[PDB]
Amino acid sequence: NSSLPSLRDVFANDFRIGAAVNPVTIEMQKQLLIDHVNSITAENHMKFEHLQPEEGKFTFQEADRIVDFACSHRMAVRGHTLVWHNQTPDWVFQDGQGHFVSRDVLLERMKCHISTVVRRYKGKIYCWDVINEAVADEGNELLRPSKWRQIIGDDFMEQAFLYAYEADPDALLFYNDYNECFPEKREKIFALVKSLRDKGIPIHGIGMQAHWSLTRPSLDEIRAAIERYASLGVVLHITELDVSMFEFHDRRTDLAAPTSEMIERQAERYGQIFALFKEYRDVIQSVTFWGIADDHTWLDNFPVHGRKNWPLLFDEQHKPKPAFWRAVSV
């Protein structure tokens, strides 16, 4: 690694390079982080359930540690995430009798959470994924069902962005989602963000999660999505990048290691993807991987629990994989 190029330096004039982490992985992958990234995202500790597990009970300890680490190494921090249909405690949507609260009550709770969380990190966190995955991933409906939407109404996103803006008007606010390059969903995301922007809502960027496979989405689909979203005038962040060795239909659990073909195709895939990102450097300002080395990845248990995946640029021994070389040589 002594003569290895540094990711953040290679892309210094293109975009920040980030990694998702937690207190445990910061320790385990500390040197890799210090040598390669200039942006950090909390993989789980800034989500609702990990910040306000019980009403009025805020547990900022883990998030504070992540922010302390980032700031001590001059790394930016992306806040993830405020309003999402997942990892949000049941108390949020219920009253004392266990019944769903009213629109006004949920809005009060949303505002309180957003205000308390955003104000705490104001000046340290430069952007926030305010709304996460509100768009439907299947069907003809624009929006996915969720208790937020059910109780408040479809304007729940407008409210979330306005509350976040009030808490920190200098932060860049994002709508973040996955399968962002499949045409049907891309158009829903485009339509949604355009509608918000057309109402003057403070949504500054779109976060493309990029939980991709070796084959999907195609390079043309990626290009088309970047251009489609960029046409809205918003900033673009690739937020949770990883390249799975398994396609959606591939639920095998026997592979103890990736084949030479999979490693090679992954190398080619990463080189093609980064070549495209660099081409669109004028609109893409940050590229964050959902981790940094294969010794830690949520893909080991999702969508198939108990297996192993090798989605990143460094292997389990924290050594550069073939994908690393193609990615940094674009």
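The numbering used is simple: start at 1 and walk along the sequence shown.
Peer 1: On average, are the C-alpha B-factors higher in 299-307 or in 273-281?
Peer 2: The recorded data point to 299-307.
Peer 1: Mean C-alpha B factor from the entry: is it higher for 201-209 or for 246-254?
Peer 2: Taking the mean C-alpha B-factor of 201-209 and of 246-254, the larger value falls to 246-254.
Peer 1: So if I compare the CA B-factors in the entry for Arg144, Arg186, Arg223, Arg78, which one is the largest?
Peer 2: The C-alpha B-factor peaks, among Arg144, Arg186, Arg223, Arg78, at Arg144.
Peer 1: Which one, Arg216, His113, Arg120, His73, has the peak C-alpha temperature factor per the PDB entry?
Peer 2: The listed residue with the largest C-alpha B-factor is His73.
Peer 1: Would you please rank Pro320 by its C-alpha temperature factor against the other modelled residues of its chain and give the third it falls in: lowest, middle or highest?
Peer 2: It falls in the middle third of the chain.
Peer 1: State the tercile, meaning the lowest, middle or highest third, of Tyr165 with respect to the CA B-factors recorded for its chain.
Peer 2: Lowest third of the chain for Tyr165's C-alpha B-factor.
Peer 1: What third of its chain's C-alpha B-factors does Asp294 belong to: lowest, middle or highest?
Peer 2: According to the entry, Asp294 has a C-alpha B-factor in the chain's middle third.
Peer 1: Ranking every modelled residue in this chain by its Cα temperature factor as given in the entry, which third contains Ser260?
Peer 2: Top third by C-alpha B-factor.
Peer 1: Classify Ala63 as lowest, middle or highest third according to the C-alpha B-factor given in the PDB entry, relative to its own chain.
Peer 2: For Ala63, the deposited C-alpha B-factor lands in the lowest third.
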